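Summary of the model geometry
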Amino acid sequence: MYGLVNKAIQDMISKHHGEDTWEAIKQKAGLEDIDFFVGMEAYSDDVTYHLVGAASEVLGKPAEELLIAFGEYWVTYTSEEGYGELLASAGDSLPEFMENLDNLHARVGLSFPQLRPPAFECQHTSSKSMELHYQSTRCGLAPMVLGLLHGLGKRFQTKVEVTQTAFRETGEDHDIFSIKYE
Ligand code: HEM
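This write-up is about the structure you can find in this document.

Cut-offs applied
Residues numbered from 1 in each chain as written, not as in the entry; some residues may be left out. Heavy atoms only, no water. Pairing = 2+ DSSP bridges. Helix = DSSP H or I, 4+ residues; strand = E, 2+ residues; numbered from the N terminus. Salt bridge = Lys/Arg side-chain N within 4 Å of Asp/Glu carboxyl O. Buried < 20%, exposed > 50% of the residue type's maximum accessible area, 1.4 Å probe, protein only. 1 Å grid on protein atoms, 1.4 Å probe; cavity = no way out; pocket = protein on both sides within 12 Å on 5 of 7 lines; lining within 4 Å. Points joined across faces, edges and corners; volume = space filled by probe spheres on them. Near = heavy atom within 4 Å. Polar contact = N/O pair within 3.5 Å; in protein donor to acceptor, adjacent residues only side chain to side chain. Nonpolar A, V, L, I, M, F, W, Y, C, P; charged D, E, K, R; others polar. Donors = N, O, S within 2.8 Å, 3.2 Å for Na, K, Ca; no water. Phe/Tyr/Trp six-rings, centres within 6.5 Å; stacked < 30°, edge-to-face > 60°. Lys NZ or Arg CZ within 6 Å of the ring centre and 35° of its normal.

**Quick notes on the pairing of strand 1 (residues 119-126)**
Judged from the seven bridges that link them, strand 1 and strand 2 (residues 129-135) form a sheet pairing that is antiparallel. Considered in strand 2, the bridge of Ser126 is made with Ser129. With antiparallel pairing between neighbouring strands as the criterion, strand 1 and strand 2 make up a hairpin whose turn holds two residues.

**As for the pattern of salt bridges**
Scanning all chains against the criterion turns up five salt bridges. Between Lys15 and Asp11 there is a salt bridge, and its shortest N-O distance comes to 2.7 Å. Residue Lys15 and its partner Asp11 are located together in helix 1 (residues 3-28), separated by four residues, close to a single helical turn. Across the salt bridge formed by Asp45 and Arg116, the nearest N and O atoms sit 3.1 Å from each other. In this pair, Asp45 is assigned in helix 2 (residues 45-59) and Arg116 in the loop between helix 5 (94-111) and strand 1, connecting sequence segments 71 residues apart. A relative accessible area of 11% places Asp45 in the buried class. What makes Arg116 partly exposed here is its relative accessible area of 42%.

**Section: empty space enclosed by the protein**
In the structure shown here, the tally under the stated rule is one cavity of 30 Å³ or more. What the largest cavity holds in volume is close to 60 Å³. In terms of lining residues, the largest cavity is bounded by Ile9, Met12, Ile13, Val52, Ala55, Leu66, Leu67 and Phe70. Of all the secondary structure elements, the ones that give two or more residues to the lining of the largest cavity are helix 1, helix 2 and helix 3 (63-80).

**A short note on the site of the ligand**
In the region of the ligand, 23 residues are neighbours, and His105, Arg116, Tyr134, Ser136 and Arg138 sit closest. Here a nitrogen atom of the ligand sits 3.1 Å away from a polar atom, N or O, in the side chain of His105. One of the side-chain nitrogen or oxygen atoms of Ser136 is found 2.7 Å away from an oxygen atom of the ligand. Elements with a minimum of two residues in the shell around the ligand: helix 3, helix 5 and helix 6 (142-155). Top element by residues in the shell around the ligand is helix 5. It accounts for five residues. Split by residue class, the shell around the ligand holds 18 nonpolar, three polar and two charged.

**Re the coordination of the iron atom of the ligand**
The sole protein-derived ligand of the iron atom of the ligand is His105 (NE2), positioned 2.2 Å away. By secondary structure assignment, the location of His105 is in helix 5.

**What about the layout of surface pockets?**
Here the idea is plain: a probe the size of a water molecule rolls over the atoms and shows the empty space left. Each pocket or cavity is described by its volume, and for the second largest pocket that value is around 170 Å³. Lining the second largest pocket, in full, are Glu72, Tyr73, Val75, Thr76, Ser79, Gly151, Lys154 and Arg155. Broken down by element, the residue count for the lining of the second largest pocket peaks at five residues, all from helix 3. Its residues placed into classes, the lining of the second largest pocket shows two nonpolar, three polar and three charged.

**Details of the packing of aromatic side chains**
Applying the stated criterion across every chain, the model contains nine aromatic pairs. Measuring from centroid to centroid gives 6.1 Å for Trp74 and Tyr77, while their planes differ by 20°, and the two rings are stacked. Within this pair, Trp74 and its partner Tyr77 are both found in helix 3, separated by three residues, close to a single helical turn. Site record: aromatic cluster; members linked through ring pairs are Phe70, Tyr73, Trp74 and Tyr77. Stacked on the ring of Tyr134, the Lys or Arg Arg168 has its end atom at 5.3 Å from the ring centre.

Purely spatial values, then, with no claim about function.
Quick look at the structure:
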C-alpha cells in the first residue's frame, strides 16, 4: 500500500503511545532499514501487515482492534494531510459519501497511479439504512471499514450502527455490512 497509509499508522501510534513505543514496533516489524515512509511511494502490502502485526504484539491489543481504531483515525488524518477538499467534495452526509466512495478513490487514483482501491456498492433499504458491499484484493481489512464508517458518522454528526452480515472468512463471496443511520 502507498506510504500514506503507513505514515498514518505510524502517526496514530506515536500520538497515542509516543516515539519510544513506535521504535519498538518499527523494530519488531523488521523495518529499521526504513528511516521514514514516503507518502506517494508504493510499498509492499507486507510492510503494513508486519506493522499491524508488530503493534498488536507490543501494545497487547488484537490486530482487529487496531484496524478499527485506524479506520476511525484515517477520516481525520486525511483531512489534515492534503485531502480536506476531496473529502468535502465527496458529500455532506454519510449515505451520499458512501455512494461517492468509488468516485473518490478514482480521483485519488489519478495522483496515485499504482492504487489498488477497494470497491464499495450501496444497496439502499430505506432513508435510514443500507447494505454496503465491500470487495477487495486484500484480506481481513473489514475491521478497518467498520472504523471508517464510524469516523464518517463522527464527520457528519450522525449516529450509525454497523454490523457485518457476511464474511469472506465464513466462505461468502465478499464482506457485506448492514448500516443504520440518523
Ligand atoms: C480523501 C480520503 C481518502 C484517501 C486519500 C484514500 C486513499 C486510500 C489509499 C491511498 C489507499 C491504499 C490503497 C493502495 O495503496 O493500493 C486506500 C485504501 C482503502 N480505503 Fe481509502 N482513502 C480515503 C478515504 C476512504 C474512506 C472514507 C473510506 C471508507 C470506506 C476508504 C476505504 C478504504 C479501504 C477499505 C481501503 C483498504 C484497501 C483495500 O480494501 O484493498 N477510504 N485509501
